[PDB]
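One letter stands for each residue in the lines below.
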Amino acid sequence: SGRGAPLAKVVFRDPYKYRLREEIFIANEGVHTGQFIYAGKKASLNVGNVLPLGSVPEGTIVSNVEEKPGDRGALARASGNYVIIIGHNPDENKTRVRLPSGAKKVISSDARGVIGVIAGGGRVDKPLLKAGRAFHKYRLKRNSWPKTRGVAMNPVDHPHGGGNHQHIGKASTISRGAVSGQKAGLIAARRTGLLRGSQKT
Amino acid sequence: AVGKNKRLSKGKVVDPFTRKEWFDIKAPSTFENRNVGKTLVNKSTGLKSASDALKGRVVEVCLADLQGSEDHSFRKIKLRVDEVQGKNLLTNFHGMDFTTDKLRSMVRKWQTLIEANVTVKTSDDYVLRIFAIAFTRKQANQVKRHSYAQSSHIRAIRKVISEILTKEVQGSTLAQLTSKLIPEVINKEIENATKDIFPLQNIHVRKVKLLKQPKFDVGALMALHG
Amino acid sequence: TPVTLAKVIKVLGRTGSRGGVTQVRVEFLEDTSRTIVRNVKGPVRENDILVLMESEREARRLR
Amino acid sequence: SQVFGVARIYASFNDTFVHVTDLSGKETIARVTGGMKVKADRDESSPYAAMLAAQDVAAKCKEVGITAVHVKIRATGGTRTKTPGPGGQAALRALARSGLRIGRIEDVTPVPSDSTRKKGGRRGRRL
Amino acid sequence: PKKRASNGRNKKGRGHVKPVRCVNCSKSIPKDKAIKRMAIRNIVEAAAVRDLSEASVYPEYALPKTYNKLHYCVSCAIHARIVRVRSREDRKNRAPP
Amino acid sequence: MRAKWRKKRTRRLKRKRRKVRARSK
RNA sequence: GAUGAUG
RNA sequence: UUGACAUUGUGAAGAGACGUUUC
RNA sequence: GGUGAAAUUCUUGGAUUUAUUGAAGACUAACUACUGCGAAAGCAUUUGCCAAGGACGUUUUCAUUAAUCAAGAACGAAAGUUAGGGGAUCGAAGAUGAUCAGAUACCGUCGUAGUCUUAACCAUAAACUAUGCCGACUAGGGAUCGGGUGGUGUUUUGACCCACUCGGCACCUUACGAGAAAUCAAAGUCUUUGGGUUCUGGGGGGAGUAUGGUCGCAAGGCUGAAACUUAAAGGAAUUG
């Protein structure tokens, strides 16, 4: 509930006493029930396996990458998302990875990941036709819907409120140093307007 | 122009050659002439050091000048500074390439051009990309005025070349590859194997460039200089 | 500055939009067996001697 | 016997570079262009400006200690002309007559295989 | 009327021929229609061959050469005097000069 | 005038007859 | 390969 | 938000001032 | 740096030029031609995979199953449209420097949409050979691409060389013939007019316009008049 991607329940075998231990993964595309999932420094390069980043070749696509070895997954957990592996630095024990946002990090080779992409992709390309479908989406997320516009409020309620016409009155761009109660609008904006041109990354 | 400058600076001298010394570049033992020239560098002041700038700078040198005859004048070699011992610099092979004039003279019209390339690793863990070039030649007594080859031929000639290059580059070390390049041995192997497909001319190993080097071991470099 | 002398050995033709610039080849008196081609401004024949203010400027042709 | 550098003549239209370096390319011995010998923009690429520029390189290389220089001649290249400008031959001539020995000569224009699009449009420079 | 049987180009048995750019004005013209010349020259002009021999460190050094193939559009081929208007009977001739 | 530009003019003219007449629909 | 409208 | 002082120790280099040392 | 000459512009806070290394997208040079393939539009780096096709060889097989077509259908350059990705170069718009009587143009510098890719539309071009398709017949010469036959030809099965043949892209000479001429081996075998078949035209304008259908998200595509005006518009050659 409240999550676009499906989960997967994988049960391994406790290596120190006789019992079974169940673990919640996030399903990658193509993972089906009855499949065997191998996790370790010496597992193979198949979709669904949990390998360290230093143990996979360049160009691999992984998901649920942990940003320090032992955090149990941090970096690609939304539907349809993944991470690419650009390079290795054997001297420093560090790997270069491209994130879903276009950023580039350097994270330890010992950190883990799962091979593939998150299931449930393509979700945000079907319009919500109705206000009632947005109602039920957020009914299992949190209280953030509907949204009233500040410029329709009174001056007691918001920096934008008030006036014989509905208008901001001052630049909507707000200094990063602004204190709480002042930060409404665009915070620490490097530019503004319709984005024309190349990414300019 | 001399008198056209508008602003000298965005705001409102010593002779640099008094603080440099010369070094002596030395080729590896694969080549007859061990001396190739000299180069400058700033002295080893406190916040710098000569070796930190000498390391990793590349010098291109004619192969004829390394063997003793201007016949080989159409092939060049690249050497890379790896260690600075005393006042001379030691270098190791880095690649090879023809001269632009030599290559362009070979490319005449009324003949088909065949090229091939192959990525392989020598027995001492170097990775290389070797390039090859051939041409179709008129047969003696030929009346027809062009010497094109059918694409069936070109596919076979390109396949024979590819296997000779892999076979000859692996098993041999990089030094052993250099010793095969100078006598132009491979160009004679290709000729013998491509006879029954099509006659050819201007068969050459056009260039070779390194792609990845094994972790630097001092022993390797000293072996080729002592 | 020094000045060098040379001797016309052939008159090649005429140039300039209006013909007032003859073209000559010369042989330097000292250090002979060096020849240069350059332009001249008045009537000229073979065996004439020309005073060249700068020696090493070979002269272009308008055609 | 001989101390060798490398001389790079970039003979474009609109200017001509003559600048010598060490055999490794990283350190420069002297750099002087035709433009810093003439007063008018149109004469920068002229043979005479190339000749004066090369005579200063030879003067400086003598005192730094270079007694010979190889040569690499260049044009703009790429999508551009690929033909040497008016002043390339003058610089090469001037180095030879200044007392500097000449080694090898090579043309090092960048040739593009097949390349990105060329300036000017589909109908060219209409002039 | 029809001025030429070749339509001013060498295209028979093909639909399309990829374009090329002129070396002066950058105007696009199909390869088969462009005027093509192969220019080759010594790297050192005739006047300078002697002085370069004296300076040559090596004895008996063979002069390199420059090779380039040049493509002209019809307008820039007329102007540079590479081709010229030709009489009717003389237009049919194909042979070089 | 040139045939191409006359054709264009008639097109930019039809586009206007096509919308003024849309006011009565 | 600077400029040059009209009767 | 930035500087200084305390929490605050231990071994190396480069430079510097009238052996000790501060960047 | 740029030009015919310049200016805007970038540069002592290090530009242009030189060396070493790295990233991104596009493109496929020279070899490249009166050469190849495809229904046309179109197709050019290597290798592997999937299906397809012409010509040739054939003492295989079927036996009229065929030619050309209103309606109906698939594909269809560039630009253009909708939604993701990519976005390096070039660059409708736009912004600027110069030229000029003006210059909202040509020229110099920036630069959005576009240019590239996936899914889905569009249905146009000097889409040209301005030349419909199938068939038979009529003149001379040589070169080239693919297949086959003979020459144990000659250098080392292959590559060449001579003759011959089928199918192609074309080319040189000539007028039995055709045409108003330019020119044409088809545009010939048509007043000595008939091999089969499909499509289009009827002086120049108004007009590929208005109107009604129909197709498209839209730009638009297909179908498509009349009133009225007019003695000439036009094709190929000839002397100035």
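Residues numbered from 1 in each chain as written, not as in the entry; some residues may be left out. Chains lettered and ligands numbered in written order. Part of a larger assembly, values for the part shown. Heavy atoms only, no water. Residues with missing side-chain atoms left out of burial classes, pairs and counts.

This deposited entry lists cryo-EM as its structure determination method and 2.9 Å as its resolution.

When helices and strands are counted, chain C shows 0 helices and 4 strands. Computed over the C-alpha atoms, the radius of gyration of chain C is 11 Å, within 12% of the 11 Å expected from 2.2 N^0.38 for a compact globule of 63 residues. Projected onto its principal axes, the C-alpha positions of chain C cover 35 × 25 × 20 Å. Counting only contacts in chain C whose residues sit at least 6 apart along the sequence, the fraction spanning at least 24 positions is 34%. (Helix = DSSP H or I, 4+ residues; strand = E, 2+ residues; numbered from the N terminus. Rg over C-alpha atoms; globule rule 2.2 N^0.38 Å. Contact = heavy atoms within 4.5 Å.)

Let us now look at the interface of chain D and chain E. Every contact between the two is made by 26 residues of chain D and, on the other side, 24 residues of chain E. Approximately 2,100 Å² of surface area, both sides summed, lies buried where chain D meets chain E, with 52% of it carried by carbon and sulfur atoms. One salt bridge in this structure joins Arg97(D) and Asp51(E), with 3.0 Å as the shortest N-O distance. Counting across the interface, chain D meets chain E through 14 residue pairs in polar contact. Elements that contribute at least two residues to the side of chain D that touches chain E include exactly α2 (88-97) and β5 (101-107) of chain D. Among the elements that take part in the side of chain D that touches chain E, β5(D) stands out by supplying 7 residues, more than any other. Its residues assigned to classes, the side of chain D that touches chain E shows 7 nonpolar, 6 polar and 13 charged. (Buried area = accessible area lost by both parts, 1.4 Å probe. Salt bridge = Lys/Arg side-chain N within 4 Å of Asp/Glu carboxyl O. Polar contact = N/O pair within 3.5 Å; in protein donor to acceptor, adjacent residues only side chain to side chain. Nonpolar A, V, L, I, M, F, W, Y, C, P; charged D, E, K, R; others polar.)

Moving on to the interface of chain C and chain D. Contact with chain C, which involves 4 residues of that partner, is made by 4 residues of chain D. Interface area for chain C against chain D, summed over the two sides, is near 410 Å², with a carbon-plus-sulfur share of 48%. Sorting the residues of chain C by area buried against chain D places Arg34(C), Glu54(C) and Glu56(C) first, and these three jointly supply 75% of that buried surface. The interface formed by chain C and chain D holds 1 residue pair in polar contact in total.

In this section: the nonpolar core. Counting 46 residues, the largest nonpolar core has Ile77(B) and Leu128(B) as the members making the most contacts within it. The residues touching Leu128(B), leaving out its near neighbours within four places in the chain, are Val118(B), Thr119(B), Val120(B), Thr122(B), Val169(B), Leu174(B), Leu177(B), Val208(B), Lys209(B), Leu210(B) and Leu211(B). Residues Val3(D), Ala50(D), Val69(D) and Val71(D) belong to the second largest nonpolar core, which totals 36 residues. (Core = buried A, V, L, I, M, F, W, Y, C linked by side-chain atoms within 4.5 Å. Buried < 20%, exposed > 50% of the residue type's maximum accessible area, 1.4 Å probe, protein only.)

With that out of the way, let us pick up the sheet that holds strand β2 (residues 21-28) of chain C. Residue and element names in this part refer to chain C. Strand order in this open sheet of 4 strands is β3-β2-β1-β4, and the pairing throughout is antiparallel. Whereas interior strands pair on both sides, the edge strands pair on one side only; in this sheet they are β3 (35-40) and β4 (49-52). Going across the sheet, the axis of each strand differs from the next one's by a mean of 45°, ignoring polarity. Both β2 and β3 contribute to a ladder of 6 bridges, which runs antiparallel. By the bridge assignment for β3, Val26 is matched with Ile36. (Pairing = 2+ DSSP bridges. Axes fitted to C-alpha atoms, helices over the stretch in contact; angles between N-to-C directions.)

The subject of this paragraph is the packing of aromatic side chains. This structure, assessed with the given rule, holds 5 aromatic pairs over all chains. An angle of 15° between the planes, with centres 5.9 Å apart, marks the rings of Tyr10(D) and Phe17(D) as stacked. Classification of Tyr10(D) by relative accessible area gives partly exposed; the value is 22%. If you follow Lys20(B) out to its NZ or CZ, it ends over the ring of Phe17(B), 5.9 Å from the centre. (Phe/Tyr/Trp six-rings, centres within 6.5 Å; stacked < 30°, edge-to-face > 60°. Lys NZ or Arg CZ within 6 Å of the ring centre and 35° of its normal.)

As a further point, take the sheet that holds strand β4 (residues 68-74) of chain D. Residue and element names in this part refer to chain D. Ordered in space as β3-β2-β1-β4-β5, the 5 strands form an open sheet in which the pairing is mixed. In this open sheet, the two strands that pair with only one neighbour each are β3 (28-33) and β5. Between one strand axis and the next, the sheet turns by 15° as a mean value, whatever way the strands run. In the packing of helix α1 (residues 47-64) onto the sheet, contacts are made with β2 (15-21) and β3, and the angle to β3 comes to roughly 160°. Running over the sheet, α2 touches β1 (4-12), β2, β4 and β5 and is turned about 155° from β1.

What follows covers the protein's contact with RNA strand I. For RNA strand I, the set of nearby residues contains 84 residues, the closest of which are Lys109(B), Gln111(B), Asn141(B), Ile197(B) and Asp114(D). The protein-proximal atoms of RNA strand I, defined as those within 4 Å of the protein, are 70% sugar or phosphate. Between RNA strand I and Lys6(B), the relevant distance is 3.3 Å, taken from a phosphate oxygen to a side-chain nitrogen or oxygen of the residue. Contributions of two or more residues to the surface near RNA strand I are made by β6 (113-121) and α4 (151-169) of chain B, β2 of chain D together with α1 (3-20) of chain F. Considering only residue class, the surface near RNA strand I consists of 14 nonpolar, 28 polar and 42 charged. (Near = heavy atom within 4 Å.)

This part takes up unusual backbone geometry. Residue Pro146(A) is reached from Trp145(A) by a cis peptide bond, and omega for that bond is 0°. Structurally, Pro146(A) can be placed in the loop between α1 (131-138) and β9 (173-174). The backbone of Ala188(A) sits at a positive phi, close to 50°, despite the residue not being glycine. Owing to a relative accessible area of 30%, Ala188(A) belongs among the partly exposed residues under this scheme. Positive phi, normally seen in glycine, also occurs at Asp31(C), with a value near 60°. Assignment of secondary structure puts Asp31(C) in the loop between β2 and β3.

This brings us to the side chain of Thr109(D). Residue and element names in this part refer to chain D. Here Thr109 lies in the segment after β5. A distance of 3.0 Å separates a polar atom in the side chain of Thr109 from the backbone nitrogen of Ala75. Beyond its immediate stretch of four places on either side in the chain, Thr109 contacts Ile73, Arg74, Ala75, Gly77 and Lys82.

What follows concerns the environment of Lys102(B). Residue and element names in this part refer to chain B. The topology assignment puts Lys102 in helix α3 (residues 100-106). Put simply, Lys102 and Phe74 are 28 residues apart on the chain and 6.1 Å apart in space, counted from C-alpha to C-alpha. Once you skip the residues sitting within four places of it in the chain, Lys102 turns out to touch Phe74 and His204.

Now for the pairing of strand β6 (residues 94-98) of chain A. Looking along a regular strand, one sees the side chains alternate between the two faces of the sheet. Residues and elements named next belong to chain A. Here β6 shows one buried face, formed by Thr95 and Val97, and one open face, formed by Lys94, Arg96 and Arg98. Relative to β6, strand β5 (residues 83-89) runs antiparallel, the two sharing 5 bridges. Note on β6: the bridge partner recorded for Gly87 is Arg96. Hairpin connection from β5 to β6: 4 residues lie between these consecutive antiparallel strands, with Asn93 at a positive phi of about 60°. Of the pairings in the sheet, the one linking β6 to strand β7 (residues 104-108) comprises 5 bridges and is antiparallel in character. Bridge assignment links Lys94 to a residue of β7, and that residue is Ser108. Here β6 folds back onto β7 in antiparallel fashion, the turn holding 5 residues, of which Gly102 has a positive phi close to 95°.

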